[PDB]
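Chemist: sequence, then structure. It's an experimental one.
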Amino acid sequence: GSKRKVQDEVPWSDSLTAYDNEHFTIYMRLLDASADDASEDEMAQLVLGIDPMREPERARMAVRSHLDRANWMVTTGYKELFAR
């Protein structure tokens, strides 16, 4: 391709996958930044090392999508969906 798609998404639709399953350690690193109330641009640049000047598109992708499984992996952590 003209751009490198290394992943830039979270395995959700099909199933959780082997390749990204090796990355889940960094997921725990990612959600920590979101809990700091950091914006995607901020986080992406810090946690993914992606400056949003360089690549804002994948920056927000890797942040939002990966935090999705990071936070969702803690069933009783996200008291918003689990909010009763």
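Modeler: Cool, got the structure. Numbering: from 1, shown residues only.
Chemist: got a list of what the residue most central in space within the chain touches?
Modeler: By CA atoms, centre = their mean, the chain has its centre lying nearest to residue 66, at 2.0 Å. By CB atoms under 8 Å, 6 or more residues apart in numbering, the residues touching residue 66 are 10, 23, 26-27, 30. All C-beta atoms are positioned from the backbone trio N, CA, C, and that covers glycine.
Chemist: can you pick out the most distant pair from the residues you listed?
Modeler: Greatest spacing in the contacts of residue 66, by CB to CB: 10 and 26 (11.8 Å).
Chemist: and those two? Which one has more around it.
Modeler: Neighbour count, other CB atoms under 10 Å: between residue 10 and residue 26, residue 10 has more, with 21 against 13.
Chemist: which SSE is the nearest residue to the more buried one once chain neighbours are set aside in?
Modeler: If the residues on either side of it in the chain are set aside, residue 10 comes closest to residue 65, at 4.3 Å by CB to CB, 6 or more residues apart in numbering. Element membership for residue 65 (DSSP states H and E) is helix 56-72.
Chemist: buried set for that helix?
Modeler: Buried positions in helix 56-72, judged by neighbour count with 16 or more other CB atoms under 10 Å: 58-63, 65-71.
Chemist: other residues contacting stretch 29-45?
Modeler: 46-48, 50-52, 56, 58-60, 62-64, 66-67, 70-71, 74.
Chemist: same question for stretch 72-84.
Modeler: For stretch 72-84, the surrounding residues in contact (CB under 8 Å, 6+ apart) are 24, 27, 31, 71.
Chemist: from residue 44, how far off is the last one?
Modeler: Here the distance between residue 71 and residue 44 works out to 16 Å (CB to CB, to the nearest Å).
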